Amino acid sequence: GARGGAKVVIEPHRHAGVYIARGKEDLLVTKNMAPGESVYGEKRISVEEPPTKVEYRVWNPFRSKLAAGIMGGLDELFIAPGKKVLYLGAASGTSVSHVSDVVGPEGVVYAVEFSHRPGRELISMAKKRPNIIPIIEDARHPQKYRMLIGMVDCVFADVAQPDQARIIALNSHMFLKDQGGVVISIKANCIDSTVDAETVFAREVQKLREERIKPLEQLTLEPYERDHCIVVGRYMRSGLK
Amino acid sequence: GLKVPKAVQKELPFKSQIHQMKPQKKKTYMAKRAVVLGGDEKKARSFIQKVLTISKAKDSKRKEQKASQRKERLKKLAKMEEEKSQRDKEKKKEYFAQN
Amino acid sequence: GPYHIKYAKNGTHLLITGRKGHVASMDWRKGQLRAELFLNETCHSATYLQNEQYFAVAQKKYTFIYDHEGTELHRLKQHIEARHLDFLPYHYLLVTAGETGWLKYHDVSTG
Amino acid sequence: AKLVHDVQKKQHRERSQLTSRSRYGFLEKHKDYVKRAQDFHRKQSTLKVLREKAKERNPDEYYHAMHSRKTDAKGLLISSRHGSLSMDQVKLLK
Amino acid sequence: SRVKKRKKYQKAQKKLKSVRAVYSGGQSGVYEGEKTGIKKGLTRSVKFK
Amino acid sequence: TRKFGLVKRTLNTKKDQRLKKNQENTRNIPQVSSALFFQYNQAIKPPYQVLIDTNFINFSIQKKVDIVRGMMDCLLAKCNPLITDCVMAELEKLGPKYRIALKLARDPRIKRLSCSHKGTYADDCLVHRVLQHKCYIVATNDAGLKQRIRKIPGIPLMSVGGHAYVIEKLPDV
Amino acid sequence: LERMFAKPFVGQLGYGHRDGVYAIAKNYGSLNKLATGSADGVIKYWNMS
Amino acid sequence: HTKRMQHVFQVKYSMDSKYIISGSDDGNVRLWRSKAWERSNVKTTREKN
Amino acid sequence: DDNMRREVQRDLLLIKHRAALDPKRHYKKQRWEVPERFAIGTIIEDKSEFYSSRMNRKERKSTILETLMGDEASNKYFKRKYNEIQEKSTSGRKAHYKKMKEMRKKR
Amino acid sequence: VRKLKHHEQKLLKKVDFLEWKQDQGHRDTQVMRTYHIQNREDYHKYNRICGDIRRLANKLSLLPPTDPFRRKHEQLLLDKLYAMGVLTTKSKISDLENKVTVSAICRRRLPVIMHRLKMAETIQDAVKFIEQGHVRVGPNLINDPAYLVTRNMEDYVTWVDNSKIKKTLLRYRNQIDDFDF
RNA sequence: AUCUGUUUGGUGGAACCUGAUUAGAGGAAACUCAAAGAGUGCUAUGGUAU
Ligand SMILES: [Zn+2]
């Protein structure tokens, strides 16, 4: 479909920092912060502007859950140019690097990861992207890395642990700005495999309310993934009513 | 097409005067000047008139498809409304028999 | 002519009403004309309401309230043949008297 | 379809024009007549609207566009094909 | 009966794709973009009231 | 050259912004839940999570049907009853006459759900929850609420009738 | 203004006791701590904050 | 008062004199403001005056 | 730029009507009015995808229309479809009318 | 005034500097604007006339129904108002209160009638031609744009003979004859 | 080609019908003059005043 020499009409998406490449097939793309290279072997699009050569990175929904959220039609993403974002569970630059593209040079992305092996590729990516601050630490103890993180406008949680409601909450209290963004991706099997996927999603939503995070929206990620839903919420300390 | 008699056409109000554009016979100078790109453009322009002819016909048939199913559904739908209407009458007899 | 003059309570604006009907509201110090009506009628006197934004003019038979730019806002049908006007600032009342020998108090805020 | 044989709902085929009259053309059926009648009535209705508008015209109507628009000697309105070149412009074109 | 219920079910799977997206195994070959295109101004998402 | 057709300037009610009436002046199509196969809720499996309505508690006491046990009889499965804050508020608001209905509704076996909306109208709170997760049973005997729930597809509806509970749209029974 | 701003109720402590409350005691040294009892025989220690 | 409060059997004062804790037999322990029109936030000097 | 190069103008016109390009595709329904800010870009393939998703240099062109016309399967398809449409549009028009008025003449 | 905060608004509920109850919804301004009335008290001088009609109609109402005097005068009142063109129908007596309005009088002004007779594009443009001395009613030129035209005299409303407007009309259709002018 | 006449694009916008609006609808300029709305920045610091 999108072969090497094929050329596309690139036009902006509804969300700031996201672009659509048209053609015989449509591709979600974000502008490359570090032109001339691919972090995980995605396709890249070059446009000649007056002439400098800018480069766009293809966002594959099947590899990045957030991308699958766009394509299904999330109404509100708190990620946008010039916003500080905290990414929990950054396995590697498959999805953080795309998030760094959206925020742009002005914004920053705090990628948090625990396991050392995938981290090593996170750090090597981070050198190419100045606006990414990789934090190789456990998300279950935010106190350990409090020196490194300021207020963050949005907190994105891709962490695959059974007790997500605690990690997202604890980092939300310390670092999320009031009225700030929260985006959580929930995998039904990981939290509790004994009960159906719908029950788990209802359970996680209730935990967020108890933690003062008014949830705005839930989307299921099919066909891109099975038993996944992305819940978008706002952190309302004043009152969730 | 419809041809209005000229007598009627002459005495028409200003709001409704039919614009009948006569053909031109004397060759206009611009018509004798304009350069029409030949060769590679010609094959690349006939194709555009090829594609748009398919596209309108595709839409004009799928649009006619909808109008075919629209007629069938509303006929089906009016039948349920009739049942919903006639059976509603009976309840208000059954209810107000008590009252 | 003749011209009846009333200043604002703060001295920032001047309201002049020619007898034959030239009403002008202006900032006399900086020389900016806020509004200028040429009512083809007899105007008897005028006053500034709570601030320079609004003013009232006593025309041939009725009083009219105007905006800063000269748009009329209300026609006070009740006040007939008003000859003199005054505005109580703290109470937000407009007072009138004239040939009828009736003293009418009108509240600008509630109308 | 309740209490009806499939034999009852049998297609009745449609006849054709006689060979002796084949020159004249296709034999008009009811369906093709209805198209002829509907189109004629649609056109006559517009003429009846245009005639009454002609009869009810007020000769004193004035529209600012009466200066720009022009009328032919017959009286039928003249519309420009595409909506005179100055000497300087023609010099550049030549 | 068995052959009919076999055919009824497979038809139902075809309609279910029209009603909603259904997982179909994921990724086959290089990612060739969105097959049928993406709509910028539409959100298929369920809003918390 | 004074213009022709001059007219006195006046306030225009229709177009003037300062007036309050003139001052005031991404389509969404919700996805059909993945848990739903036409009218069949495939996701729902035992044990069942169930939302209780205020009328359900009152009638249950009339018929001498214990909540936890009487339910386990109807579905032949473990049921995890859930009472929302709205339902709890309505019970308390009823008055001293219904103090027993309050005491049973506080039985520790009955878990409670927090809520995040100002009003205490429980009918709308339940209807929102069922629309958004197709993972709850609705236990209510109110005529109005039942009709709303029936329109929602894939939502089992439970009621107290006769001497014991009845479940309507729960195929696994 | 005093009447429109008179909003005395702030909230309730947790989910309450199973039975009626009949004994309330304060930690006269700590500002935000409160101990309650009920006819159920239950006693609870609260964090009012 | 409140429709949900049924027999006040215990009432006390927070040690800062700002809040009222009451216990009824419906089983809830409520908090109230000592002065309804007041608010707990730190007031600017222009508010205070 | 306001020039709106005919190559770019035709380029966008093939994306407005991309439903009719290939009879097996059948995208979603959308309007896609021309945006006020857009650019034209060329894809870059990964070196690991040399055999899978790489066009030969000769096949690459400056315009999409050139790439589309270059194919012979698509080119043959339109000629069949368009010829079918012309028959439908030309049926019963002035041409057919003259024949019916011609046969009425003895020869 | 700045947009009032909430606490202010509760304490200042009736305050409105731009709309008052005596204004009666600015029906005066609305009806001057639609039909382009220039003299301010034209609306109210009409408003007294409609009040006179309505008052008379009520007093006729309270009289007994079969009363021959009630028969005659209400027929007379409708026939006169219908002839003046204030009333479009003479069938119902109830129209005397429901369908007698200032706008019913304003629609018979010369600027409005020319607009209905298509002699102008808009009421504003109809007025300008009156003040320019293009419009005649009978052989009398009229510069007053408040001239009320009875139903009968709507027929003699016409351009002035030498008017440049008639020259454009006749020139547009190529029907200009300079002998007449 | 005093051949043929459908299609694509441009030009023009009769009648009927539908919707909105109406002292007709627009346009351009600015170190211009006004009346409002939203957002943002600024130690924005007397819990009781050297
Ligand atoms: Zn609730």
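Each value, and the rule that gives it
- Residues numbered from 1 in each chain as written, not as in the entry; some residues may be left out.
- Chains lettered and ligands numbered in written order.
- Part of a larger assembly, values for the part shown.
- Heavy atoms only, no water.
- Contact = heavy atoms within 4.5 Å.
- Buried < 20%, exposed > 50% of the residue type's maximum accessible area, 1.4 Å probe, protein only.
- Helix = DSSP H or I, 4+ residues; strand = E, 2+ residues; numbered from the N terminus.
- Pairing = 2+ DSSP bridges.
- Right-handed = clockwise from strand over helix to strand, strands pointing away.
- Buried area = accessible area lost by both parts, 1.4 Å probe.
- Salt bridge = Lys/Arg side-chain N within 4 Å of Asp/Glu carboxyl O.
- Polar contact = N/O pair within 3.5 Å; in protein donor to acceptor, adjacent residues only side chain to side chain.
- Nonpolar A, V, L, I, M, F, W, Y, C, P; charged D, E, K, R; others polar.
- Donors = N, O, S within 2.8 Å, 3.2 Å for Na, K, Ca; no water.
- Tetrahedral: all angles 85-135°; square planar, octahedral: opposite > 155°, others 65-115°.
- UniProt positions renumbered as here; feature names shortened; annotations may be inferred.
- Near = heavy atom within 4 Å.
- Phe/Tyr/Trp six-rings, centres within 6.5 Å; stacked < 30°, edge-to-face > 60°.
- Axes fitted to C-alpha atoms, helices over the stretch in contact; angles between N-to-C directions.
- Expected span 1.5 Å × (residues − 1).
- Patch = residues over 30% accessible without salt bridge, like charges linked within 9 Å, V, L, I, M, F, W, Y side chains within 5 Å.
- Areas by Shrake-Rupley, 256 points an atom, 1.4 Å probe, with all protein chains shown as cover.
- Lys, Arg positive; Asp, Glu negative; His and termini not counted.
- Charge placed at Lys NZ, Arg CZ, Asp CG, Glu CD.
- Parallel < 35°, antiparallel > 145°, perpendicular 65-115°, else oblique.
- Left-handed = near helix turned anticlockwise from the far one by under 90°.

- As deposited, the entry is annotated with cryo-EM as its determination method and 3.71 Å as its resolution.

1. Considerations on the arrangement of the chains
Phase 1: Contact analysis covers 17 pairs of chains in contact, and the most contacts occur between chains A and I.
Phase 2: With no contact between them, chain B and chain H keep their nearest C-alpha atoms 37 Å apart.
Phase 3: In this assembly chain C lies apart from chain H, the nearest approach of their C-alpha atoms being 23 Å.

2. Observations concerning the pairing of strand β6 (residues 85–88) of chain A
Residues and elements named next belong to chain A.
Phase 1: What you see with β6 is no split at all: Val-85 and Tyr-87 on one side and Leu-86 and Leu-88 on the other are buried throughout.
Phase 2: Direction of pairing for β6 relative to strand β7 (residues 109–113): parallel, over a ladder of four bridges. Looking at β7, one finds that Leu-88 is bridged to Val-112.
Phase 3: After leaving β6, the chain enters helix α2 (residues 96–103) and then returns to the sheet as β7, a path that is right-handed.
Phase 4: With four bridges connecting them, β6 and strand β9 (residues 152–157) associate as parallel partners. From the neighbouring strand, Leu-88 faces β9, where its bridge partner is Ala-157.

3. What about the interface of chain B and chain D?
Phase 1: The interface of chain B with chain D comprises 22 residues on the first partner and 24 residues on the second.
Phase 2: Taken over both partners, the interface formed by chain B and chain D buries close to 2400 Å², and the fraction arising from carbon and sulfur atoms is 67%.
Phase 3: Broken down residue by residue, the surface that chain B buries against chain D is led by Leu-2, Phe-14 and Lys-22 of chain B, which jointly contribute 27%.
Phase 4: Seen at the junction of chain B and chain D, the total is one salt bridge.
Phase 5: Of the charged contacts in the structure, one is a salt bridge between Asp-72 of chain D and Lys-22 of chain B, with a shortest N-O distance of 3.0 Å.
Phase 6: Counting the contacts that link chain B with chain D gives four residue pairs in polar contact.
Phase 7: Its residues assigned to classes, the side of chain B that touches chain D comprises eleven nonpolar, six polar and five charged.

4. Brief notes about the coordination of the zinc ion
Residues and elements named next belong to chain F.
Phase 1: Protein coordination at the zinc ion comes from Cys-86 (SG), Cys-115 (SG), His-117 (NE2) and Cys-125 (SG), with a distance range of 2.3 to 2.5 Å.
Phase 2: Viewed at the metal, the four donor atoms of the zinc ion are separated by angles of 81 to 153 degrees, and the geometry they form is irregular.
Phase 3: Among the residues examined, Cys-115 registers a relative accessible area of 12% and is labelled buried.

5. A few points about the interface of chain A and chain I
Phase 1: Between chain A and chain I, the residue contacts involve 24 residues of the former and 29 residues of the latter.
Phase 2: Together, the buried faces of chain A and chain I total about 2500 Å²; carbon and sulfur atoms form 53% of this surface.
Phase 3: Sorting the residues of chain A by area buried against chain I places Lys-7, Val-9 and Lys-24 of chain A first, and these three jointly supply 30% of that buried surface.
Phase 4: For the interface between chain A and chain I, the tally reads four salt bridges.
Phase 5: Our count for the chain A to chain I interface comes out at 15 residue pairs in polar contact.
Phase 6: If one sorts the elements of the side of chain A that touches chain I by residue count, strand β1 (residues 7–12) of chain A sits on top with six residues.

6. Focus: the UniProt feature "domain: PINc" in chain F
Phase 1: With numbering matched to this structure, UniProt assigns "domain: PINc" to residues 48–147 of chain F.
Phase 2: Along residues 48–147 of chain F, the helical share is 51% and the strand share 18%, with 22 Å between the first and last C-alpha atoms.

7. With respect to the protein's contact with RNA strand K
Phase 1: Within the structure, RNA strand K sits among 44 residues, and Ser-16 and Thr-53 of chain B, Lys-98 of chain I together with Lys-3 and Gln-124 of chain J are positioned closest to it.
Phase 2: Sugar plus phosphate: this is where 72% of the atoms of RNA strand K within 4 Å of the protein reside.
Phase 3: Contacts to RNA strand K include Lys-53 of chain D, whose side-chain N or O atom sits 2.8 Å from a phosphate oxygen.
Phase 4: In this structure, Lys-43 of chain H approaches RNA strand K through a main-chain N or O atom, which is 2.9 Å from a base nitrogen.
Phase 5: For the surface near RNA strand K, the secondary-structure elements that each account for two or more residues are α2 (40–98) of chain B, α1 (30–55) of chain D, α1 (45–48) of chain H together with α3 (72–90) and α4 (94–103) of chain I.
Phase 6: At four residues, α2 of chain B tops the list of elements feeding residues into the surface near RNA strand K.
Phase 7: Across the surface near RNA strand K, the residue classes break down as nine nonpolar, 20 polar and 15 charged.

8. Quick look at the environment of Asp-22 of chain I
Phase 1: Note on placement: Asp-22 of chain I falls in the loop between α1 (6–16) and β1 (39–44).
Phase 2: Each C-alpha atom, one on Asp-22 of chain I and one on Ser-74 of chain I, is 7.0 Å from the other, the two residues being 52 residues apart in sequence.

9. Quick notes on the packing of aromatic side chains
Phase 1: Taken as a whole and assessed by the stated rule, the structure comprises 24 aromatic pairs over all chains.
Phase 2: Considering the side-chain rings of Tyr-19 of chain A and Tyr-56 of chain A, the 5.5 Å spacing of their centres and the 75 degrees angle between planes classify their relative orientation as edge-to-face.
Phase 3: The exposure class of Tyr-19 of chain A is partly exposed, given its relative accessible area of 25%.
Phase 4: Through pairs of rings, three or more aromatic residues link up here, namely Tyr-54, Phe-87 and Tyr-92 of chain C together with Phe-17 of chain J.

10. Concerning the sheet that holds strand β5 (residues 52–58) of chain A
Phase 1: The antiparallel closed barrel is built from six strands, whose spatial order is β1(A)-β2(A)-β3(A)-β5(A)-β4(A)-β1(I). Across the sheet, the mean angle separating the axes of adjacent strands is 40 degrees when strand polarity is ignored.
Phase 2: Bridge count between strand β2 (residues 19–21) of chain A and strand β3 (residues 27–31) of chain A: three bridges; the pairing is antiparallel. Within β3 of chain A, the residue paired with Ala-21 of chain A across the bridge is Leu-27 of chain A.

11. Some points on the sheet that holds strand β11 (residues 213–220) of chain A
Phase 1: Sheet architecture is open: eight strands sit in the order β8(A)-β7(A)-β6(A)-β9(A)-β10(A)-β12(A)-β11(A)-β2(E), paired in mixed fashion. The sheet is open, and its two borders are formed by β8 (132–136) of chain A together with β2 (46–47) of chain E, each paired with just one other strand.
Phase 2: Alignment of β7 of chain A against β8 of chain A, held across five bridges, turns out to be parallel. Paired with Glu-113 of chain A across the strands is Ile-136 of chain A, a residue of β8 of chain A.
Phase 3: Contacting β9, β10 (176–187), β11 and β12 (228–235) of chain A, helix α1 (residues 65–72) of chain A runs over the sheet at an angle of about 85 degrees to β12 of chain A.
Phase 4: Its contacts with the sheet place α2 of chain A against β6, β7 and β8 of chain A, and it is angled at close to 165 degrees to β7 of chain A.

12. Brief notes about helix α6 (residues 197–210) of chain A
Residue and element names in this part refer to chain A.
Phase 1: Helix length check: α6 (14 residues) gives 21 Å between terminal C-alpha atoms against 20 Å at 1.5 Å per residue, within 8%.
Phase 2: Of all 14 residues that make up α6, eleven are buried, and the element is covered over most of its length.
Phase 3: Residues of α6 that are buried include every one of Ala-197, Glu-198, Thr-199, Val-200, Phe-201, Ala-202, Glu-204, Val-205, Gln-206, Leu-208 and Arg-209, and no others.
Phase 4: At the exit of α6 stands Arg-212, carrying a positive phi of roughly 70 degrees.

13. Some words on the pattern of salt bridges
Phase 1: Scanning the model with the defined rule gives 51 salt bridges over all chains in all.
Phase 2: Put simply, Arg-173 of chain J and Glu-61 of chain D hold a salt bridge, and the shortest N to O gap is 3.7 Å. Of this pair, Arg-173 of chain J sits in the segment after α9 (164–172) while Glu-61 of chain D is found in the loop between α1 and β1 (70–71), placing the two residues in two different chains.
Phase 3: The closest approach of N and O atoms between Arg-109 of chain F and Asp-107 of chain F, which form a salt bridge, is 3.4 Å.

14. Regarding a positive patch on the surface
Phase 1: Together, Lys-25, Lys-26, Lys-27 and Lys-32 of chain B together with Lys-94 of chain D give the surface a local cluster of positive charge.
Phase 2: Relative to the assigned elements, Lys-32 of chain B resides in the loop between α1 (6–10) and α2.

15. Section: the packing of helix α3 (residues 42–62) of chain J against helix α4 (residues 68–84) of chain J
All names here are of chain J.
Phase 1: Between α3 and α4, the least distance of the axes is 10 Å, while the angle of their chain directions is 155 degrees. Relative to α4, α3 is oriented roughly antiparallel. In terms of crossing hand, the pair formed by α3 and α4 is left-handed. In contact with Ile-53, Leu-56, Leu-60, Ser-61 and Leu-62 of α3, α4 contributes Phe-69, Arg-70, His-73, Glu-74, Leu-77 and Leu-81.
Phase 2: Tallied by class, the residues present in the contact of α3 with α4 amount to seven nonpolar, two polar and two charged.

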